[PDB]
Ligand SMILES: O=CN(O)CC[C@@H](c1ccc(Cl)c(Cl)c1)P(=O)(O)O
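Given as structure tokens, the chain that follows is alone and in the form deposited without the named molecule.
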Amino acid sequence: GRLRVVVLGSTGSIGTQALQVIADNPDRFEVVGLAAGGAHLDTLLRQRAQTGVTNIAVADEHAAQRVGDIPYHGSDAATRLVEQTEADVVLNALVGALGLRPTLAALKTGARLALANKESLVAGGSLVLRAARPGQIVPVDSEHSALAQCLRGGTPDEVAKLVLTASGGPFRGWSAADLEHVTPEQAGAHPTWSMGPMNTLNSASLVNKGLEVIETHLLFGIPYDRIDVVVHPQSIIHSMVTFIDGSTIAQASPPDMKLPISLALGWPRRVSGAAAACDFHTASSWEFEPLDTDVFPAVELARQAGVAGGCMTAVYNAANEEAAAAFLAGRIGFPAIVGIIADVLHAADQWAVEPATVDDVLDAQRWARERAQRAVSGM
């Protein structure tokens, strides 16, 4: 009954929330491994002290002078922790490139993968799916968790549409003209990291929703032309599934990542008291509006990339990272971000092939960066 959990990226937002859910539910979960990059060593050490878990990994080569009591350390150490630790669930909340090999390792162990890391599916794609058995991956993100729950409303042949909700970001309802000269700061990003501005900038450009559409396709096997995005400013409905009979099933809760985190850890079993429910004691409104796809072409571009397949979604994301960096630096305008992604994709016919290995993913990403760098330098 007590699930053994390995928590990768333990020091970030998702990881720390996951450890709180586990601490609150010692009957259901036992932490048996922790991993984080060397920059976060001090937090990781506090976590070892707090949890009593000595099976911990420094996930990269960094903090090298301060490791000597640490069982795993070095570039791919999180992967080794996964390979060597008996577990029922691996929560992969590592950020970016670091997440891919541990994902593949976790799947190979036969454990459930509670997946938070977007790169695994967006860049890894069929590499990750190739390694997974049906139902082995349980998504952690709010939208995908909603979809997984909503799909309980019918059999796979009964699914008509997956409908992802989107907040619409800070520029919801802005015209193309209004968006021409917006600054990084107006997009909610404050160019002093190129780290936290990334997730935030992706929310403004609607690239994050593009990525979520890609993940949806890979997680659930629904064609891109049956994955819709609908703007829902309250973010209370987290996503919905429309069935062939006309019924839609939706999942709703006040925003709180502890809900989807808990469900990913305990799947298929719900965790009592994970998060507050919607309170109908008070009057409220749930609003829906269509996405403006002329103004926000990032989502359709993700569908185009996803339809092409193979390493194309890795190219989409890597071109975005580069173009986003350029906008944050003041080098290009806001609308040029998705323009650059489209131009790189146009040139990326060689990257439709399925990756044989991780190296092919890495090669596609390298190529996309150089290509986006070229596009940026040209304007």
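Throughout, rigid core stands for the largest set of C-alpha atoms superposing within 1.5 Å between the two forms. From 1 onward, residues are counted along the sequence shown.
Here the subject shifts to the form deposited with the named molecule bound, a form of this protein not shown in this document.
Interface membership of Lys118, defined by any non-hydrogen atom within 4.5 Å of the named molecule in the deposited complex, is confirmed. Although the partner is absent here, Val271 sits far enough away that none of its heavy atoms falls within 4.5 Å of the named molecule in the deposited complex. Using a 4.5 angstroms limit between non-hydrogen atoms, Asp141 touches the named molecule in the deposited complex. Among heavy atoms of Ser239, none comes within 4.5 Å of the named molecule in the deposited complex. When you look in the deposited complex, the only residue of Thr216, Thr103, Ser262, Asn208 with a non-hydrogen atom within 4.5 Å of the named molecule is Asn208. Distance criterion of 4.5 Å from any heavy atom to the named molecule in the deposited complex singles out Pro255 from the list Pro156, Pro223, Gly110, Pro255. The stretch in contact with the named molecule in the deposited complex, judged by heavy atoms within 4.5 Å, is 142 to 150, chosen from 142 to 150, 80 to 88, 300 to 308, 285 to 293. With contact defined as any non-hydrogen atom lying within 4.5 angstroms of the named molecule in the deposited complex, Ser235 is the only contacting residue in 226 to 249.
Residue shifts between this form and the one not shown, rigid core superposed: of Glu180, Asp245, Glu287, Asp279, the only C-alpha displaced by 2 Å or more belongs to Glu180.
Superposed on the core, the two forms barely differ at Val353: its CA moves less than 2 Å between this form and the one not shown.
Put the two forms on the same core and the Cα of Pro26 is off by less than 2 Å between this form and the one not shown. If you fit the rigid core between this form and the one not shown, you'll see the Cα of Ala326 move by 2 angstroms or more.
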